[PDB]
Amino acid sequence: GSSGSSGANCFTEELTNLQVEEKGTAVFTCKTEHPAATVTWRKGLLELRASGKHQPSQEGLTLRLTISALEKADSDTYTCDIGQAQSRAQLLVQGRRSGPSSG
């Protein structure tokens with residue numbers, strides 16, 4: 001489209017599966033072709049919101065979501081929505097303490 005204001009957006013650098021222990025800190029770093037005026041992160045078919053857990057940000061064409069206090073549950077497929085496109089990344093919450101269950 002020429003002489004237009006609104007233009008479909010896309011992701012230049014898709015996320016990257018992360019792997020860390022529970023109660024750690026996972027930051028899903030991503031990129032976009034255009035400065036998304038808004039970003040709606042989704043966790044396990046759920047809508048995320050700027051909170052002590054999911055604290056997203058916006059640095060021009062670079063986005064990131066810091067996830068602290070991770071847990072075995074957090075383990076799921078997240079989706080970084082901007083309004084036109086959406087990314088995906090796998091998270092792995094290991095167990096800082098791997099003790100023998102059958103004991």
# chains A, B, ... in the order shown; residues from 1 in each chain; ligands from 1
call {"tool": "select_by_dssp", "arguments": {"residues": "chain A", "states": "strand (DSSP E)", "output": "ChimeraX atom specification"}}
result
/A:18-21,25-31,40-43,54-59,62-68,77-81,89-94
call {"tool": "write_last_selection", "arguments": {"atoms": "N, CA and C atoms", "output": "short mmCIF file (atom, residue, chain, number, x, y, z; two decimals), in the first residue's frame"}}
result
data_model
loop_
_atom_site.label_atom_id
_atom_site.label_comp_id
_atom_site.auth_asym_id
_atom_site.auth_seq_id
_atom_site.Cartn_x
_atom_site.Cartn_y
_atom_site.Cartn_z
N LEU A 18 13.49 -21.13 25.76
CA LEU A 18 14.35 -20.90 26.92
C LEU A 18 14.34 -22.11 27.85
N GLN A 19 15.42 -22.28 28.61
CA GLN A 19 15.53 -23.40 29.54
C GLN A 19 16.21 -22.96 30.84
N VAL A 20 15.45 -22.91 31.92
CA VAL A 20 15.98 -22.51 33.22
C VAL A 20 15.28 -23.25 34.35
N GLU A 21 15.82 -23.13 35.56
CA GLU A 21 15.25 -23.78 36.73
C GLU A 21 14.06 -22.99 37.26
N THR A 25 14.40 -16.82 36.28
CA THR A 25 14.07 -15.61 35.54
C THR A 25 14.20 -15.83 34.03
N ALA A 26 13.06 -15.93 33.36
CA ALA A 26 13.05 -16.14 31.91
C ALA A 26 12.59 -14.88 31.18
N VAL A 27 13.45 -14.38 30.29
CA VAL A 27 13.13 -13.18 29.52
C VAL A 27 13.01 -13.50 28.04
N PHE A 28 11.77 -13.59 27.56
CA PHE A 28 11.51 -13.89 26.16
C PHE A 28 11.81 -12.68 25.28
N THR A 29 12.99 -12.68 24.66
CA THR A 29 13.40 -11.58 23.80
C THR A 29 12.94 -11.81 22.36
N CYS A 30 12.39 -10.77 21.75
CA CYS A 30 11.91 -10.86 20.37
C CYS A 30 12.12 -9.55 19.64
N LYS A 31 11.77 -9.53 18.35
CA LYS A 31 11.93 -8.33 17.53
C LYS A 31 10.76 -8.18 16.57
N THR A 40 0.37 -7.77 23.52
CA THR A 40 -0.40 -8.62 24.42
C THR A 40 0.16 -10.03 24.47
N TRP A 41 0.93 -10.32 25.51
CA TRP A 41 1.53 -11.64 25.68
C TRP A 41 0.50 -12.65 26.14
N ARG A 42 0.66 -13.90 25.71
CA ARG A 42 -0.26 -14.96 26.08
C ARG A 42 0.49 -16.18 26.61
N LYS A 43 0.03 -16.72 27.73
CA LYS A 43 0.66 -17.88 28.34
C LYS A 43 -0.33 -19.04 28.45
N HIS A 54 4.89 -11.23 34.90
CA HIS A 54 5.13 -10.89 33.50
C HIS A 54 5.26 -9.38 33.33
N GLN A 55 6.49 -8.90 33.25
CA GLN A 55 6.75 -7.47 33.08
C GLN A 55 7.37 -7.19 31.71
N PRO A 56 6.51 -7.02 30.70
CA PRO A 56 6.94 -6.74 29.33
C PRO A 56 7.54 -5.34 29.18
N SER A 57 8.06 -5.04 28.00
CA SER A 57 8.67 -3.74 27.73
C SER A 57 8.65 -3.43 26.24
N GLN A 58 9.12 -2.24 25.89
CA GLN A 58 9.16 -1.82 24.49
C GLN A 58 10.35 -0.91 24.23
N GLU A 59 11.31 -1.41 23.45
CA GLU A 59 12.50 -0.64 23.12
C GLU A 59 12.62 -0.44 21.61
N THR A 62 12.53 -3.71 19.43
CA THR A 62 12.91 -4.86 20.25
C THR A 62 12.00 -4.98 21.46
N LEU A 63 11.43 -6.17 21.65
CA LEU A 63 10.54 -6.42 22.78
C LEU A 63 11.07 -7.55 23.65
N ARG A 64 10.67 -7.55 24.92
CA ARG A 64 11.11 -8.57 25.86
C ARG A 64 10.16 -8.65 27.06
N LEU A 65 9.98 -9.85 27.59
CA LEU A 65 9.10 -10.06 28.73
C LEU A 65 9.83 -10.82 29.84
N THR A 66 10.13 -10.12 30.93
CA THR A 66 10.82 -10.73 32.06
C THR A 66 9.86 -11.55 32.91
N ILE A 67 10.18 -12.83 33.08
CA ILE A 67 9.34 -13.73 33.88
C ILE A 67 10.10 -14.26 35.09
N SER A 68 9.78 -13.73 36.26
CA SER A 68 10.44 -14.15 37.50
C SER A 68 9.54 -15.09 38.30
N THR A 77 3.63 -22.97 26.15
CA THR A 77 3.92 -22.23 24.93
C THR A 77 3.37 -20.81 25.02
N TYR A 78 4.27 -19.83 25.03
CA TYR A 78 3.87 -18.43 25.11
C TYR A 78 3.75 -17.82 23.71
N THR A 79 2.90 -16.81 23.59
CA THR A 79 2.69 -16.13 22.31
C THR A 79 2.75 -14.62 22.47
N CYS A 80 3.72 -14.00 21.81
CA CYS A 80 3.89 -12.55 21.88
C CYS A 80 3.12 -11.86 20.75
N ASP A 81 1.95 -11.33 21.09
CA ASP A 81 1.11 -10.64 20.11
C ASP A 81 1.40 -9.14 20.10
N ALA A 89 7.24 -19.42 21.63
CA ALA A 89 8.47 -19.92 22.22
C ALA A 89 8.17 -20.92 23.33
N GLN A 90 9.02 -21.94 23.46
CA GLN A 90 8.85 -22.96 24.48
C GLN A 90 9.70 -22.66 25.70
N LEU A 91 9.13 -22.89 26.88
CA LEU A 91 9.84 -22.64 28.13
C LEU A 91 9.99 -23.92 28.94
N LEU A 92 11.14 -24.07 29.59
CA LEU A 92 11.41 -25.26 30.40
C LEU A 92 11.83 -24.87 31.81
N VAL A 93 10.98 -25.20 32.78
CA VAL A 93 11.26 -24.89 34.18
C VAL A 93 11.80 -26.12 34.92
N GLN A 94 13.12 -26.26 34.93
CA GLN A 94 13.76 -27.38 35.61
C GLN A 94 13.50 -27.33 37.11
#
call {"tool": "closest_residue", "arguments": {"among": "A:83, A:1, A:32, A:45", "to": "residue A:15", "atoms": "only C-alpha atoms"}}
result
A:32
call {"tool": "residues_around", "arguments": {"residues": "residue A:34", "least_positions_apart": "5", "cutoff": "8 Å", "atoms": "only C-alpha atoms", "output": "PyMOL selection string"}}
result
chain A and resi 9-10+61
call {"tool": "closest_residue", "arguments": {"among": "A:69, A:100, A:2, A:50", "to": "residue A:38", "atoms": "only C-alpha atoms"}}
result
A:50
call {"tool": "decode", "arguments": {"residues": "stretch 30-70 of chain A", "atoms": "C-alpha atoms", "output": "PDB file, in the first residue's frame"}}
result
ATOM      1  CA  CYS A  30      11.908 -10.864  20.374  1.00  0.00           C
ATOM      2  CA  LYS A  31      11.930  -8.334  17.534  1.00  0.00           C
ATOM      3  CA  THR A  32       9.537  -6.702  15.068  1.00  0.00           C
ATOM      4  CA  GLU A  33       9.635  -4.886  11.729  1.00  0.00           C
ATOM      5  CA  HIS A  34       7.593  -2.009  13.151  1.00  0.00           C
ATOM      6  CA  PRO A  35       7.200  -0.392  16.599  1.00  0.00           C
ATOM      7  CA  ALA A  36       4.114  -2.199  17.893  1.00  0.00           C
ATOM      8  CA  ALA A  37       1.974   0.404  19.656  1.00  0.00           C
ATOM      9  CA  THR A  38       0.767  -2.401  21.923  1.00  0.00           C
ATOM     10  CA  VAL A  39       1.817  -5.919  22.919  1.00  0.00           C
ATOM     11  CA  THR A  40      -0.405  -8.617  24.417  1.00  0.00           C
ATOM     12  CA  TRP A  41       1.534 -11.636  25.676  1.00  0.00           C
ATOM     13  CA  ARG A  42      -0.262 -14.965  26.077  1.00  0.00           C
ATOM     14  CA  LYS A  43       0.658 -17.881  28.340  1.00  0.00           C
ATOM     15  CA  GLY A  44      -0.894 -21.301  27.815  1.00  0.00           C
ATOM     16  CA  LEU A  45      -4.012 -20.107  26.009  1.00  0.00           C
ATOM     17  CA  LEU A  46      -4.168 -17.321  28.594  1.00  0.00           C
ATOM     18  CA  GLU A  47      -3.887 -13.533  28.403  1.00  0.00           C
ATOM     19  CA  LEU A  48      -0.920 -12.074  30.285  1.00  0.00           C
ATOM     20  CA  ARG A  49      -0.738  -8.629  31.887  1.00  0.00           C
ATOM     21  CA  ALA A  50       2.077  -6.402  33.150  1.00  0.00           C
ATOM     22  CA  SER A  51       2.562  -7.777  36.664  1.00  0.00           C
ATOM     23  CA  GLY A  52       5.239  -8.792  39.150  1.00  0.00           C
ATOM     24  CA  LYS A  53       5.483 -11.994  37.124  1.00  0.00           C
ATOM     25  CA  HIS A  54       5.125 -10.886  33.502  1.00  0.00           C
ATOM     26  CA  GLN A  55       6.753  -7.474  33.079  1.00  0.00           C
ATOM     27  CA  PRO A  56       6.944  -6.736  29.328  1.00  0.00           C
ATOM     28  CA  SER A  57       8.670  -3.745  27.733  1.00  0.00           C
ATOM     29  CA  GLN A  58       9.155  -1.817  24.491  1.00  0.00           C
ATOM     30  CA  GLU A  59      12.503  -0.641  23.120  1.00  0.00           C
ATOM     31  CA  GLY A  60      11.679   0.528  19.608  1.00  0.00           C
ATOM     32  CA  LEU A  61      11.843  -2.562  17.408  1.00  0.00           C
ATOM     33  CA  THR A  62      12.906  -4.858  20.248  1.00  0.00           C
ATOM     34  CA  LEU A  63      10.536  -6.425  22.776  1.00  0.00           C
ATOM     35  CA  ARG A  64      11.106  -8.573  25.863  1.00  0.00           C
ATOM     36  CA  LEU A  65       9.102 -10.061  28.734  1.00  0.00           C
ATOM     37  CA  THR A  66      10.819 -10.732  32.061  1.00  0.00           C
ATOM     38  CA  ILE A  67       9.342 -13.728  33.879  1.00  0.00           C
ATOM     39  CA  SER A  68      10.438 -14.153  37.496  1.00  0.00           C
ATOM     40  CA  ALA A  69       9.358 -16.636  40.167  1.00  0.00           C
ATOM     41  CA  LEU A  70       9.080 -19.224  37.394  1.00  0.00           C
TER      42      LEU A  70
END
